[PDB]
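What follows is a single structure, written as structure tokens, with notes after it.
All of the numbers you see were taken from the coordinates with simple rules; none came from a lab. All Cβ positions, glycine included, derive from the backbone under ideal geometry; neighbour counts span all protein chains shown.
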Amino acid sequence: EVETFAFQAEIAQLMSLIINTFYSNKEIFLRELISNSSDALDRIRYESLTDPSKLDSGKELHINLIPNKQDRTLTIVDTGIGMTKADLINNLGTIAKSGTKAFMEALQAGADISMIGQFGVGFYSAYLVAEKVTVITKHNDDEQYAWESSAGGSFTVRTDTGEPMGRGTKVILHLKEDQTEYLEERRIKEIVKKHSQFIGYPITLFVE
Ligand SMILES: Nc1ncnc2c1nc(Sc1cc3c(cc1I)OCO3)n2C[C@H]1CCCN(Cc2cccc(S(=O)(=O)F)c2)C1
């Protein structure tokens, strides 16, 4: 049972801007996703101070980067706090509406796409390099879901039938045909070193 949803017009507008604007420095997507993973790892660590039981779904706090040339995917995996169905359908968009407006205001005033993370919507920078994004996520006290969107104004949510994760989020980037450089070990290493070098969690780059 797959549910189909329309993005708020403001989010659809943001995604179109990311897809349509000529902007050569696409590699910033990876910093934005790693930063989101780090923040989600922080969140579950903090929650666990008052309530140790929230690590019952996994004590290890880390990030994996998994390239796959057969599937033409780059997956960013974390064991952070995860997202609920209510998040995927309602709450993320509610919060992202404000950040999107500020970001577009800043772009008018002369900012560039590389500062998107200051507005809380760096996730959508995935669409610089991906034709489709699939998000697998599991939050304590909710089920594992698959969110998916190829932009175009809509997204889908299903209960995920795949391998159970425990707790956390997988962002699966289905890369555009001309963006397969982000599957190459040397390129990913370069980018993580340049932009994500002080992240306070292990980042494991899987080999093909
Ligand atoms: N890896 C990750 N792990 C966990 N979470 C991640 C994440 N990546 C992202 S970004 C992302 C990923 C997406 C997306 C949109 C975005 I925008 O659509 C499909 O998938 N988020 C979502 C976070 C990013 C920081 C701002 N919050 C606000 C918030 C909302 C609701 C509830 C709370 S609360 O419980 O603390 F009150 C807070 C959401």
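Per-residue Karplus couplings for region 144-154, computed as 6.51 cos²θ - 1.76 cosθ + 1.60 with θ equal to phi - 60°, are listed in order as 7, 10, 10, 9, 8, 7, 9, 6, x, x, 9 Hz, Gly and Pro entered as x. Distance from the C-alpha centroid of region 90-112 to that of region 8-79: 18 Å, rounded to the whole angstrom.
Protection proxy ranking for 41-54, 64-77, 116-129, using the average of other Cβ atoms within 10 Å per residue and placing the highest first: 116-129, 64-77, 41-54.
If you sort the three axes of the alpha carbon gyration tensor as a ≥ b ≥ c, you get a/c under 1.5 for region 53-208, which makes it rounded. Scanning residues 5 or more positions from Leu205 or on other chains, those with amide H under 5 Å from its amide H are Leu65, with H placed 1.01 Å from N in the peptide plane. Our helix-only sum for the chain, with -39,500 (n - 2.57) per DSSP H run of n ≥ 4 divided by its residues, gives a mean residue ellipticity at 222 nm of -10000 deg cm²/dmol.
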